[PDB]
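*Asks:* Data file start.pdb (PDB, C-alpha atoms and all ligand atoms) is appended below.
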```pdb
ATOM      1  CA  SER A   1      55.175  15.622 -49.311  1.00  0.00           C
ATOM      2  CA  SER A   2      53.153  13.186 -47.206  1.00  0.00           C
ATOM      3  CA  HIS A   3      50.659  13.784 -44.396  1.00  0.00           C
ATOM      4  CA  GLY A   4      48.426  11.674 -42.160  1.00  0.00           C
ATOM      5  CA  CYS A   5      46.140  12.705 -39.278  1.00  0.00           C
ATOM      6  CA  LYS A   6      44.062  10.124 -37.438  1.00  0.00           C
ATOM      7  CA  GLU A   7      41.410  10.586 -34.742  1.00  0.00           C
ATOM      8  CA  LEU A   8      39.382   8.294 -32.491  1.00  0.00           C
ATOM      9  CA  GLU A   9      36.702   8.899 -29.875  1.00  0.00           C
ATOM     10  CA  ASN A  10      34.998   6.283 -27.680  1.00  0.00           C
ATOM     11  CA  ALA A  11      32.513   7.631 -25.135  1.00  0.00           C
ATOM     12  CA  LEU A  12      30.511   5.302 -22.886  1.00  0.00           C
ATOM     13  CA  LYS A  13      27.666   5.887 -20.424  1.00  0.00           C
ATOM     14  CA  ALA A  14      25.971   3.397 -18.093  1.00  0.00           C
ATOM     15  CA  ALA A  15      23.327   4.428 -15.548  1.00  0.00           C
ATOM     16  CA  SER A  16      21.260   2.172 -13.286  1.00  0.00           C
ATOM     17  CA  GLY A  17      18.667   3.050 -10.670  1.00  0.00           C
ATOM     18  CA  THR A  18      16.528   0.928  -8.335  1.00  0.00           C
ATOM     19  CA  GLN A  19      13.794   1.820  -5.864  1.00  0.00           C
ATOM     20  CA  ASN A  20      11.913  -0.317  -3.395  1.00  0.00           C
ATOM     21  CA  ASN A  21       9.212   1.386  -1.314  1.00  0.00           C
ATOM     22  CA  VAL A  22       7.324  -0.995   1.002  1.00  0.00           C
ATOM     23  CA  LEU A  23       4.589   0.285   3.325  1.00  0.00           C
ATOM     24  CA  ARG A  24       2.518  -1.928   5.633  1.00  0.00           C
ATOM     25  CA  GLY A  25      -0.086  -1.137   8.277  1.00  0.00           C
ATOM     26  CA  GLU A  26      -2.585  -3.076  10.415  1.00  0.00           C
ATOM     27  CA  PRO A  27      -4.910  -1.002  12.599  1.00  0.00           C
ATOM     28  CA  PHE A  28      -6.932  -3.352  14.799  1.00  0.00           C
ATOM     29  CA  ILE A  29      -9.852  -2.448  17.078  1.00  0.00           C
ATOM     30  CA  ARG A  30     -12.269  -4.226  19.378  1.00  0.00           C
ATOM     31  CA  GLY A  31     -15.252  -2.475  20.910  1.00  0.00           C
ATOM     32  CA  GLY A  32     -17.111   0.659  19.930  1.00  0.00           C
ATOM     33  CA  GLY A  33     -19.484   1.491  17.130  1.00  0.00           C
ATOM     34  CA  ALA A  34     -18.928  -0.268  13.823  1.00  0.00           C
ATOM     35  CA  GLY A  35     -18.756   3.084  12.043  1.00  0.00           C
ATOM     36  CA  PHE A  36     -16.221   4.518  14.476  1.00  0.00           C
ATOM     37  CA  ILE A  37     -14.262   1.266  14.210  1.00  0.00           C
ATOM     38  CA  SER A  38     -14.143   1.464  10.417  1.00  0.00           C
ATOM     39  CA  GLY A  39     -13.409   5.197  10.408  1.00  0.00           C
ATOM     40  CA  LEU A  40     -10.557   4.890  12.908  1.00  0.00           C
ATOM     41  CA  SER A  41      -9.087   1.602  11.651  1.00  0.00           C
ATOM     42  CA  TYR A  42      -8.898   3.001   8.105  1.00  0.00           C
ATOM     43  CA  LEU A  43      -5.188   3.810   7.892  1.00  0.00           C
ATOM     44  CA  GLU A  44      -4.556   7.462   6.998  1.00  0.00           C
ATOM     45  CA  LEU A  45      -1.019   7.394   5.637  1.00  0.00           C
ATOM     46  CA  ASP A  46      -0.297  10.990   6.699  1.00  0.00           C
ATOM     47  CA  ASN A  47      -1.448  10.289  10.291  1.00  0.00           C
ATOM     48  CA  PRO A  48      -1.134   6.550  10.818  1.00  0.00           C
ATOM     49  CA  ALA A  49      -1.942   6.571  14.546  1.00  0.00           C
TER      50      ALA A  49
ATOM     51  CA  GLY B   1     -42.892 -16.428  25.304  1.00  0.00           C
ATOM     52  CA  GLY B   2     -39.757 -14.360  24.859  1.00  0.00           C
ATOM     53  CA  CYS B   3     -40.214 -10.680  25.711  1.00  0.00           C
ATOM     54  CA  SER B   4     -37.054 -10.481  27.721  1.00  0.00           C
ATOM     55  CA  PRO B   5     -35.837  -7.250  26.051  1.00  0.00           C
ATOM     56  CA  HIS B   6     -32.265  -7.092  24.752  1.00  0.00           C
ATOM     57  CA  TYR B   7     -30.855  -3.566  24.447  1.00  0.00           C
ATOM     58  CA  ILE B   8     -28.295  -2.757  21.788  1.00  0.00           C
ATOM     59  CA  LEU B   9     -27.670   0.982  22.051  1.00  0.00           C
ATOM     60  CA  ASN B  10     -31.153   2.414  22.841  1.00  0.00           C
ATOM     61  CA  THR B  11     -33.011  -0.209  20.761  1.00  0.00           C
ATOM     62  CA  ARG B  12     -34.546  -3.098  22.713  1.00  0.00           C
ATOM     63  CA  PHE B  13     -34.937  -6.215  20.520  1.00  0.00           C
ATOM     64  CA  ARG B  14     -37.040  -9.348  21.012  1.00  0.00           C
ATOM     65  CA  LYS B  15     -34.841 -12.404  20.496  1.00  0.00           C
ATOM     66  CA  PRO B  16     -36.397 -15.212  18.418  1.00  0.00           C
ATOM     67  CA  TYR B  17     -36.892 -18.505  20.212  1.00  0.00           C
ATOM     68  CA  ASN B  18     -34.642 -20.232  17.665  1.00  0.00           C
ATOM     69  CA  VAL B  19     -31.718 -17.937  18.512  1.00  0.00           C
ATOM     70  CA  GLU B  20     -29.398 -18.734  21.411  1.00  0.00           C
ATOM     71  CA  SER B  21     -27.907 -15.261  21.228  1.00  0.00           C
ATOM     72  CA  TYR B  22     -27.416 -12.392  18.849  1.00  0.00           C
ATOM     73  CA  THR B  23     -24.871 -10.035  20.358  1.00  0.00           C
ATOM     74  CA  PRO B  24     -22.870  -6.974  19.183  1.00  0.00           C
ATOM     75  CA  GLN B  25     -19.352  -8.381  19.454  1.00  0.00           C
ATOM     76  CA  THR B  26     -18.150  -5.401  17.429  1.00  0.00           C
ATOM     77  CA  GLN B  27     -14.598  -5.518  16.042  1.00  0.00           C
ATOM     78  CA  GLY B  28     -12.636  -4.329  13.033  1.00  0.00           C
ATOM     79  CA  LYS B  29      -9.333  -5.026  11.334  1.00  0.00           C
ATOM     80  CA  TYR B  30      -7.803  -3.017   8.467  1.00  0.00           C
ATOM     81  CA  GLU B  31      -4.808  -4.357   6.515  1.00  0.00           C
ATOM     82  CA  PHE B  32      -2.909  -2.047   4.147  1.00  0.00           C
ATOM     83  CA  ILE B  33       0.016  -3.136   1.956  1.00  0.00           C
ATOM     84  CA  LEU B  34       1.774  -1.025  -0.690  1.00  0.00           C
ATOM     85  CA  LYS B  35       4.900  -2.364  -2.423  1.00  0.00           C
ATOM     86  CA  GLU B  36       6.391  -0.227  -5.205  1.00  0.00           C
ATOM     87  CA  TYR B  37       9.472  -1.233  -7.201  1.00  0.00           C
ATOM     88  CA  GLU B  38      11.334   0.638  -9.922  1.00  0.00           C
ATOM     89  CA  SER B  39      14.282  -0.391 -12.067  1.00  0.00           C
ATOM     90  CA  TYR B  40      15.961   1.493 -14.886  1.00  0.00           C
ATOM     91  CA  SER B  41      19.130   0.882 -16.864  1.00  0.00           C
ATOM     92  CA  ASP B  42      20.421   3.278 -19.497  1.00  0.00           C
ATOM     93  CA  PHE B  43      23.476   2.430 -21.618  1.00  0.00           C
ATOM     94  CA  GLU B  44      25.105   4.510 -24.362  1.00  0.00           C
ATOM     95  CA  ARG B  45      28.248   4.018 -26.449  1.00  0.00           C
ATOM     96  CA  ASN B  46      29.625   6.506 -29.025  1.00  0.00           C
ATOM     97  CA  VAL B  47      32.499   5.042 -31.035  1.00  0.00           C
ATOM     98  CA  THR B  48      33.812   7.606 -33.527  1.00  0.00           C
ATOM     99  CA  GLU B  49      36.820   7.898 -35.833  1.00  0.00           C
ATOM    100  CA  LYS B  50      38.374   9.964 -38.608  1.00  0.00           C
TER     101      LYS B  50
HETATM  102  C1  LIG C 101      26.418  10.128 -27.916  1.00  0.00           C
HETATM  103  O1  LIG C 101      26.018  11.042 -28.967  1.00  0.00           O
HETATM  104  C2  LIG C 101      24.798  11.757 -28.744  1.00  0.00           C
HETATM  105  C3  LIG C 101      24.529  12.562 -29.994  1.00  0.00           C
HETATM  106  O2  LIG C 101      25.510  13.573 -30.182  1.00  0.00           O
HETATM  107  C4  LIG C 101      24.954  12.616 -27.506  1.00  0.00           C
HETATM  108  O3  LIG C 101      23.751  13.346 -27.291  1.00  0.00           O
HETATM  109  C5  LIG C 101      24.020  14.757 -27.267  1.00  0.00           C
HETATM  110  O4  LIG C 101      24.670  15.147 -26.044  1.00  0.00           O
HETATM  111  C6  LIG C 101      24.927  16.554 -25.882  1.00  0.00           C
HETATM  112  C7  LIG C 101      25.576  16.724 -24.529  1.00  0.00           C
HETATM  113  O5  LIG C 101      24.790  16.137 -23.502  1.00  0.00           O
HETATM  114  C8  LIG C 101      23.637  17.354 -26.031  1.00  0.00           C
HETATM  115  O6  LIG C 101      23.938  18.744 -25.997  1.00  0.00           O
HETATM  116  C9  LIG C 101      22.943  17.006 -27.337  1.00  0.00           C
HETATM  117  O7  LIG C 101      21.700  17.690 -27.429  1.00  0.00           O
HETATM  118  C10 LIG C 101      22.704  15.506 -27.419  1.00  0.00           C
HETATM  119  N1  LIG C 101      22.053  15.162 -28.672  1.00  0.00           N
HETATM  120  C11 LIG C 101      20.948  14.413 -28.746  1.00  0.00           C
HETATM  121  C12 LIG C 101      20.416  14.160 -30.123  1.00  0.00           C
HETATM  122  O8  LIG C 101      20.404  13.959 -27.743  1.00  0.00           O
HETATM  123  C13 LIG C 101      25.262  11.738 -26.305  1.00  0.00           C
HETATM  124  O9  LIG C 101      25.488  12.552 -25.160  1.00  0.00           O
HETATM  125  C14 LIG C 101      26.499  10.870 -26.558  1.00  0.00           C
HETATM  126  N2  LIG C 101      26.692   9.930 -25.465  1.00  0.00           N
HETATM  127  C15 LIG C 101      27.823   9.853 -24.756  1.00  0.00           C
HETATM  128  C16 LIG C 101      27.845   8.825 -23.667  1.00  0.00           C
HETATM  129  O10 LIG C 101      28.784  10.581 -24.983  1.00  0.00           O
END
```
Take the structure in this file and express it as structure tokens.
Ligand SMILES: *[C@@H]1O[C@H](CO)[C@@H](O[C@@H]2O[C@H](CO)[C@@H](O)[C@H](O)[C@H]2NC(C)=O)[C@H](O)[C@H]1NC(C)=O

*Replies:*
Amino acid sequence: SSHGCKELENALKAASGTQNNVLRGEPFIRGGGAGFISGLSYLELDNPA
Amino acid sequence: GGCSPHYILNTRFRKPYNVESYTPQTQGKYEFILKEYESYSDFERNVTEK
């Protein structure tokens, strides 16, 4: 009697992920009180206007 | 001499003789920049035999 039983496995995984998230904003004001200028020109990202 | 009053808001100021003008040319400029980058790579190999 003779017997032979042969197995191979070869799994492979390759994952890649990239993000770019660029945000830019330039509120500009002339006129009005310096405090109201700085309060309004400070960009609020949830309400950018 | 001086004593020409200069009003900024309610406050009247006396301009020094040395000063040609001091004047509230009020302005403002806010610059915001936010650049985020991510990279990942994730490799696996499972060679196996019997
Ligand atoms: C390479 O072998 C490892 C180890 O067996 C594998 O990780 C197992 O994967 C299974 C299925 O996702 C999970 O149930 C086990 O909990 C994992 N074990 C560990 C220790 O993390 C892996 O998935 C194999 N890779 C490939 C590409 O087949």

*Asks:* Give me the residues near residue A:27 as a PyMOL selection string, where near means some atom within 7 Å (using only C-alpha atoms) and where sequence neighbours in that chain fewer than 3 positions away do not count.

*Replies:* (chain A and resi 41+43) or (chain B and resi 29-31)

*Asks:* Kindly extract all protein, DNA and RNA residues lying within 10 Å of the coordinates (22.0, 8.2, -14.3) given in the file, considering only C-alpha atoms, and supply them as a PyMOL selection string.

*Replies:* (chain A and resi 13-17) or (chain B and resi 40-43)

*Asks:* Return as an NGL selection string every polymer residue, whether protein, DNA or RNA, with at least one atom no more than 6 Å from an atom of ligand LIG 101 (chain C); count all atoms listed in the file.

*Replies:* (:A and (11-13)) or (:B and (44-46))

*Asks:* Take the residues just selected and output them with C-alpha atoms as a PDB file, keeping the file's coordinate frame.

*Replies:*
```pdb
ATOM      1  CA  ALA A  11      32.513   7.631 -25.135  1.00  0.00           C
ATOM      2  CA  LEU A  12      30.511   5.302 -22.886  1.00  0.00           C
ATOM      3  CA  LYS A  13      27.666   5.887 -20.424  1.00  0.00           C
TER       4      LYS A  13
ATOM      5  CA  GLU B  44      25.105   4.510 -24.362  1.00  0.00           C
ATOM      6  CA  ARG B  45      28.248   4.018 -26.449  1.00  0.00           C
ATOM      7  CA  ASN B  46      29.625   6.506 -29.025  1.00  0.00           C
TER       8      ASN B  46
END
```

*Asks:* Run the ChimeraX specification (/B :<7) & /A against the file shown and list the residues it catches, as a PyMOL selection string.

*Replies:* chain A and resi 6-32+34+37-38+41-42

*Asks:* Padding of 5 Å on every side, edges along x, y and z, all listed atoms of stretch 36-42 of chain B included: what centre and edge lengths in Å, to one decimal, does that box have, as AutoDock Vina command-line options?

*Replies:*
```
--center_x 13.4 --center_y 1.0 --center_z -12.4 --size_x 24.0 --size_y 14.5 --size_z 24.3
```

*Asks:* Can you tell me how far atom CA of residue B:8 sits from atom CA of residue A:39, in Å to one decimal?

*Replies:*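 Computing it gives 20.4 Å between the two atoms.
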
*Asks:* Convert the output of the PyMOL selection byres (((chain B and resi 1) around 10) and not hetatm) on the shown file into explicit residues, formatted as JSON, numbers by chain.

*Replies:* {"B": [2, 3, 4, 16, 17]}

*Asks:* What's the separation between atom CA of residue B:19 and atom CA of residue B:7, in Å to one decimal place?

*Replies:*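 Straight-line distance from atom CA of residue B:19 to atom CA of residue B:7 works out to 15.6 Å.
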